[PDB]
Amino acid sequence: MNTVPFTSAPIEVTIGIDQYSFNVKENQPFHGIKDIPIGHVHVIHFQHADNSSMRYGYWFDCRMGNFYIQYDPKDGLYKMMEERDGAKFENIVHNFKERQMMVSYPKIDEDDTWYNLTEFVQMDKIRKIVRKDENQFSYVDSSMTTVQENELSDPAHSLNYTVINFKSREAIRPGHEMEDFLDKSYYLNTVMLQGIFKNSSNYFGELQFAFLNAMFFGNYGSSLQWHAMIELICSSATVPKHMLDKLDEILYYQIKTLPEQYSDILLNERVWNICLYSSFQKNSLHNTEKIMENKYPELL
Amino acid sequence: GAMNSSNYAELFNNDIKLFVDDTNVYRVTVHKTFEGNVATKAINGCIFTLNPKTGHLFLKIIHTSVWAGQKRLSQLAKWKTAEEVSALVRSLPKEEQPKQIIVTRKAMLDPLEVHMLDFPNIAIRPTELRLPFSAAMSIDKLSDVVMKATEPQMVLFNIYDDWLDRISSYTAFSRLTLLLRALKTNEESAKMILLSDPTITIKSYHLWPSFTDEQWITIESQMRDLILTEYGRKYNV
Ligand SMILES: NC(=O)[C@H](N)Cc1ccccc1
């Protein structure tokens with residue numbers, strides 16, 4: 001079980017860790033988060049009390065280094081940093097634990113939610129979507145645009161999700177125009193799975209990461225990517241049976257976790273109705289269709 | 001964006017454009033079977049591709065053999081249309097290719113866009129106009145060549161005959177859409193108007209009669225009357 005210490009909390013802020021969150025008052029004696037489960041990526045995220053604008057945060061994996069948070073009064077945000085002196089870090093953390101100045105990652109033993117939301121998400125893939133190679137952790141915020149969004153402006157601060165475009169030469173084989181547009185299996189299985197992602201695990205990892213950035217930061221380009229990656233599978237007549245079963249599990253837990261009061265914006269009516277009721281895979285997402293109908297029958 | 005009343009003069013500027021109408025591509029008769037069920041029999045159809053500035057009509061005849069063994073024919077017809085329009089564009093010299101293609105039905109947008117991915121600079125546009133191009137098969141010479149075709153065939157016409165010698169393309173398109181609207185509303189009446197005076201003939205190389213300027217004003221007036229008339233006979237006004 002690992003720890004992310006905070007130097008201090010100089011401004012009032014709502015701090016999230018994965019799907020949890022808590023309020024820290026201005027200059028409250030807060031020195032970080034302990035008992036963070038090893039084996040998963042994690043995200044620590046922030047919304048200032050004064051400016052609820054810009055949610056921002058950091059994706060990290062405590063197996064890759066010792067990380068801490070320190071507020072920067074010049075840039076005006078809580079920054080993640082790596083401590084390279086391992087003895088210094090253990091000593092800092094042990095002292096904060098002795099003074100009981102840390103919150104505990106509050107995981108229920110029965111509860112597999114975070115595993116289920118991050119099953120295929122790997123730090124190494126995150127760091128290719130979010131390019132900043134001098135750090136082992138990755139910054140994301142509400143405003144960052146995607147590579148594809150920029151094509152339709154600062155490249156260093158972009159989300160390099162795989163570009164998916166259903167009316168593109170990449171998606172449409174010359175002479176199979178109608179076939180490839182109406183049944184996207186070629187584009188899913190040959191172009192994307194075999195060609196670009198290499199396997200379905202990396203596909204699902206990017207889909208899961210996009211969903212989580214949409215949910216935690218309200219990142220619009222991330223929501224677009226998540227729905228595009230769903231629609232590409234649902235609009236393929238030929239999908240490996242194991243991918244469909246796993247997709248149903250993935251989407252189930254994403255819909256289960258979504259705040260009820262944010263569905264209006266984070267869920268695209270056209271994509272979900274098409275996917276659950278019109279697409280080739282309309283009968284292959286039993287768990288997802290059941291939770292969607294019981295929780296958001298309005299959208300449908 | 002879309003083409004409507006507000007931007008109507010764009011049709012007659014010097015940027016090459018084509019209307020594409022797919023109404024008459026997939027044509028059927030519906031009939032009873034010996035068992036008392038219903039079936040369709042396809043008949044030959046056509047793509048109506050028209051340069052509104054020059055009157056050049058590229059009439060691609062769709063022979064019934066193109067449907068043999070195919071399913072979901074109304075959906076296929078849109079993709080076949082887009083295939084043939086893309087093939088036409090590729091066949092034209094670069095300096096003759098359109099800079100825009102306006103489709104008379106919105107369901108042609110995605111098929112045509114996909115078939116034209118190789119032409120990113122050709123704009124594919126819908127229209128808010130309710131253009132009467134379906135009535136093209138009420139023009140006897142066009143109907144005749146479509147029904148006689150025994151194989152796929154492209155037939156080239158000028159739908160304005162020689163009118164551009166005397167009138168502008170705006171006025172020519174207005175006359176054409178007036179004639180076609182009339183033929184679409186009451187084909188029998190419209191055709192009676194056009195042929196009533198046997199001394200005004202249709203040249204062998206033309207589609208419409210050889211009216212003088214004065215006679216076209218009379219004709220155009222009669223077509224207007226017809227359209228309002230039928231509009232009363234239909235609505236009771
Ligand atoms: N056959 C012809 O010369 C027509 N009079 C003019 C024309 C040319 C090219 C396409 C359609 C119509």
# chains A, B, ... in the order shown; residues from 1 in each chain; ligands from 1

$ interface_residues --of "chain A" --to "chain B" --cutoff "8 Å" --atoms "only C-alpha atoms" --output "PyMOL selection string"
chain A and resi 167-169+172+177-178+181

$ residues_near_ligand --ligand "ligand 1" --cutoff "9 Å" --atoms "only C-alpha atoms and all ligand atoms" --output "list in words"
residues 50, 51, 54, 55, 56, 57, 58, 59, 155, 156, 157, 158, 159, 161, 205 and 206 of chain B

$ residues_around --residues "stretch 100-107 of chain B" --least-positions-apart "2" --cutoff "9 Å" --atoms "only C-alpha atoms" --output "VMD selection string"
chain B and resid 2 to 3 15 to 23 78 97 to 98 109 to 112 121 to 131 133

$ residues_around --residues "residue A:212" --least-positions-apart "6" --cutoff "10 Å" --atoms "only C-alpha atoms" --output "PyMOL selection string"
chain A and resi 18-19+43+117-118+206+218-219+222-223+226+254+258

$ closest_residue --among "B:168, B:86, B:138, B:24" --to "residue B:45" --atoms "only C-alpha atoms"
B:24

$ residues_around --residues "residue A:7" --least-positions-apart "3" --cutoff "10 Å" --atoms "only C-alpha atoms" --output "ChimeraX atom specification"
/A:4,10,29-32,68-71,78,92

$ atom_distance --atom1 "atom CA of residue A:158" --atom2 "atom CA of residue A:62"
24.1 Å

$ select_by_dssp --residues "stretch 152-217 of chain B" --states "strand (DSSP E)" --output "list in words"
residues 153, 154, 155, 156, 157 and 158 of chain B

$ residues_around --residues "residue A:293" --least-positions-apart "5" --cutoff "12 Å" --atoms "only C-alpha atoms" --output "number ranges by chain"
A: 252, 255-256, 272-273, 276-277, 285-288, 298-300

$ closest_residue --among "A:1, A:232, A:266, A:250" --to "residue A:215" --atoms "only C-alpha atoms"
A:266

$ residues_around --residues "residue A:36" --least-positions-apart "6" --cutoff "7 Å" --atoms "only C-alpha atoms" --output "list in words"
residues 1, 2, 3 and 105 of chain A

$ write_last_selection --atoms "N, CA, C and O atoms" --output "compact mmCIF listing (two decimals), in the first residue's frame"
# COMPACT_ATOMS: atom_id res chain seq x y z
N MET A 1 0.83 -1.25 0.00
CA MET A 1 0.00 0.00 0.00
C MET A 1 0.86 1.28 0.00
O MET A 1 1.68 1.49 0.89
N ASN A 2 0.65 2.16 -0.99
CA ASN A 2 1.53 3.31 -1.18
C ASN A 2 0.84 4.61 -0.82
O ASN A 2 -0.35 4.66 -0.50
N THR A 3 1.63 5.69 -0.86
CA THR A 3 1.25 6.96 -0.25
C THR A 3 1.62 8.09 -1.20
O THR A 3 2.65 8.04 -1.87
N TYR A 105 -7.09 5.93 1.56
CA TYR A 105 -7.83 5.53 0.38
C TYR A 105 -8.98 4.63 0.83
O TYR A 105 -8.73 3.59 1.44
